[PDB]
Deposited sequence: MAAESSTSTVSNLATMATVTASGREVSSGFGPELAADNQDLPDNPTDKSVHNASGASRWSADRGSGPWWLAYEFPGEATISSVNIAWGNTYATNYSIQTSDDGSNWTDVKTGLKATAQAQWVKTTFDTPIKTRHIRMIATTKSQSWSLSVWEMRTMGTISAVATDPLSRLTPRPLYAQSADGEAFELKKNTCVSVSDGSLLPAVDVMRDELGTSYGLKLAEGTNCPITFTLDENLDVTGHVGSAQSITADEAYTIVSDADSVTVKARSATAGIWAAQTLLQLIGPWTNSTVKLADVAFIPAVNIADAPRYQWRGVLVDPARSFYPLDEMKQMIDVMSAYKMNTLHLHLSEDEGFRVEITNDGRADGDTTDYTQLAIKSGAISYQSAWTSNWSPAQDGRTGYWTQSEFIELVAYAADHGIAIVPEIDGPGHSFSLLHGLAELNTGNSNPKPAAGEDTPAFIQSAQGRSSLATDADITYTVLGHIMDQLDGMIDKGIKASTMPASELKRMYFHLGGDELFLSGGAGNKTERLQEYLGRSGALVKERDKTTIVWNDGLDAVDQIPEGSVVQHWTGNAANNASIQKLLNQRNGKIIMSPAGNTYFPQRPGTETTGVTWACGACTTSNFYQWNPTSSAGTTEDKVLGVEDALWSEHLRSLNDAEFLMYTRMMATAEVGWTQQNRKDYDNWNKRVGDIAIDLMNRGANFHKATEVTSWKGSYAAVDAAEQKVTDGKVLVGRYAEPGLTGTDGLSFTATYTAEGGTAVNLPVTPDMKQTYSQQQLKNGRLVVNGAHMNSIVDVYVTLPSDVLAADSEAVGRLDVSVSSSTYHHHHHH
């Protein structure tokens, strides 16, 4: 049973003819047309039950806000003596961002009912008529907009942004918690200060929040090694309680309990999402930050939630690695897998300190010789950038700082030194490694083999030579030492952050050719290498295509699955079922970021054609592995850098598909919903534009939205009356002309239109090609719009009195802001 929901709506319009009568609300009073409605004396009676709109260029719009979720079957509009000749009906969840539901609507006569039926009733909190053209110069006339449907009295859910989707979250009773400049934070333990620093690094710049450590503060962080959220874990659900946290907030207090220092950071990242997608603003905003009153109990399905980053094909400087860590942490990723060595590079300094007795190998040449090679454009005849890979390596100091920064964001480092294949950087770097059955051999009297095309995919370390395992052993110790120095500096506990795993690789031995005995090479190498890991009290990881050595690697070893169907992989099932192993899932088609993110893009096509956010979201790692939940550690995205030459171009591939993997890592199988996730991307995107992080503007995402934030104008330089008062964030702007910015000045003395200057440093571009080859940084997101007004002179030097009125209008966005 439907009804005209107009009578309980809060009505807004683009404007109105006269302040006296003909107000927008008179479209919403559910009154049947009067007798002789076309008569000037009926239509223009001072009390006629119709909206008379503003004049000017338009567009003219009439918007209803419903006290709840409306289910609308149809919209019936009784047009007056001036009718819309072109108009649309749009919905909004937030009241600022409008989506077309029906376009190409026309009235064709005065006092005419035009009925728009939805083939499926639409659920929304807002509906609006927007008209571009009308039948006369007279104000547009609406006797009635009847919105026929049912209302459900459900409030807006301020928990609706949280990604990943938490285990339990509900609104709590009362007003939200207001953050003031002096709001301090109390911690039960010093290992929770990294959680508070994460909040401080964002809220410091954005809202001017010091968040000083204090005693008896209204925001508390309590470490509780027994914190129990299993009350919220259904029979069909599964968690890793070590990363469990609860948040209970109200108008006076925010109470965080965390099972670990790691979960403290998770709790912090949830609070930052709740505050909103402007917390990473680079300018102090004018609006106050709120934490809504909520009740959260959260923990991740999977304990292993990672990204493989490959600097080996193309180096990433430390500052870029930090920028990836920030966004990994923001989505509660807890593992940074460093593929440090390849056929085309070694990316970390290894010194000659603390070698075994008898070991005179010069390890300094590894970085010196193989840090100065990279992926070669010329050895591709495709779309790959004209530029070779970035050369270089992290010094020991930088790598330690890399570890400390990861740790302070709750992310552990897992090193990979890939062998016995994908090992050419090791043979090119160390003369001593060129011995035994190593492939290829150096040329006559050359102590290292040449970096030439013929080496790629044919590398093998000497699986039969002692020196291979001596050198491997020394690299593991140096990595070990630098990671321990990294964690120490972090103040995070070694007991959470020191990941006792070493990744040996074992993938694609001799995929392009080589010297034969592929299986014998694998079994010997991963056997002996496996023992190096076991003796260092670590668990071995190998790629699934290395499980020729399934019997040789230690009991309880881990496979990282990436190629084929793990569920029907005999060697995977034997390791899981016969050798108490475990699995990390990185099936290419769901986790490999170089797989092109869309059919409009240029990139790798073999896994799916385009592996979209659907391919990254819509899979069950445990079912895909064909094993039981207990035997699945979790997941890893893979950033392989054959074709990657900048952070910007990496971020294009990483985002927002990484936020899908984060949800696969963390959220319960039965709380997964792709459409629900898809809806949350718009705010994810607003936060990314604030971070200055790039992302693919994927066509399957339907939640691309705009957002306005007032700037704290008192912190801004006035230059010639001109000052930054606002910022507008929307993915995909090729310019600002589609937006109309207006501002008015008034003091407590003297109404005056101020000149607005919208300033967007950069426009949105998709991938650009030159001579068939990807241009580096071709694909980039438009900037956030800096909204400047020019104040008059009389008001350039008037102390603050001056409240400002800023309006932003597009076909798909409207906001009026006031402070």
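Where C-alpha coordinates are absent, the deposited sequence of this PDB chain has the segments 1 to 8, 759, 810 to 811.
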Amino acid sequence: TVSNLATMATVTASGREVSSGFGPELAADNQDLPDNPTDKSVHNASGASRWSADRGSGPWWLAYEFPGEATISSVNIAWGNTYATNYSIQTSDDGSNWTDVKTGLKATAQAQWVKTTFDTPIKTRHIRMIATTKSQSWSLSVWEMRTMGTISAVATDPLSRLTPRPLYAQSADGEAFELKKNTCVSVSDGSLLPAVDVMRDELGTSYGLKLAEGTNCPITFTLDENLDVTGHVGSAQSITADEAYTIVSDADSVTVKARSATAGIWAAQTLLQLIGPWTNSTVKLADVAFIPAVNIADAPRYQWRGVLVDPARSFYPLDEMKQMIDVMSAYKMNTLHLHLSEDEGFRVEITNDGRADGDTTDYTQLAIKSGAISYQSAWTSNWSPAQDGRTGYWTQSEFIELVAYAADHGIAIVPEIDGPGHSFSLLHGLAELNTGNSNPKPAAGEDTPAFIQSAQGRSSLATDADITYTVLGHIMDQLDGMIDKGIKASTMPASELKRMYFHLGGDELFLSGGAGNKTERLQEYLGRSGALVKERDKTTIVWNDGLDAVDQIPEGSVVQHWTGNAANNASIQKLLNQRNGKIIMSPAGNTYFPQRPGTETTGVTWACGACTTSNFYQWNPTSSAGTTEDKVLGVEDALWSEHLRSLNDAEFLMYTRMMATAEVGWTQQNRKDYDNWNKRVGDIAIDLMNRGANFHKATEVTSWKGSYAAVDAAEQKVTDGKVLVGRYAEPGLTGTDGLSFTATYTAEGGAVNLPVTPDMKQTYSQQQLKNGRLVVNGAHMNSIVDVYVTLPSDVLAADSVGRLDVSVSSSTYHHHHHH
From here on, numbers count along this sequence of modelled residues.
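The stretch 712 to 720 shows the higher mean C-alpha B-factor when 96 to 104 is compared against 712 to 720 in the entry. Of the two segments examined, 168 to 176 and 422 to 430, it is 168 to 176 that shows the higher average Cα temperature factor in the deposited entry. Looking only at 690, 591, 215, 163, the residue with the top Cα B factor in the deposited structure is 215. Comparing the listed residues 324, 526, 608, 372, the entry records the largest Cα B-factor for 608.
Per the PDB record, residue ranking by Cα B-factor puts residue 39 in the highest third of the chain.
Split the chain's modelled residues into thirds by C-alpha temperature factor. Residue 748 is in the highest one. In the PDB entry, residue 582 places in the middle third of its chain by CA B-factor. Residue 773: CA B factor lies in the middle third for its chain, per the PDB record.
Ranked by C-alpha B-factor against the other modelled residues of its chain, residue 65 falls in the middle third.
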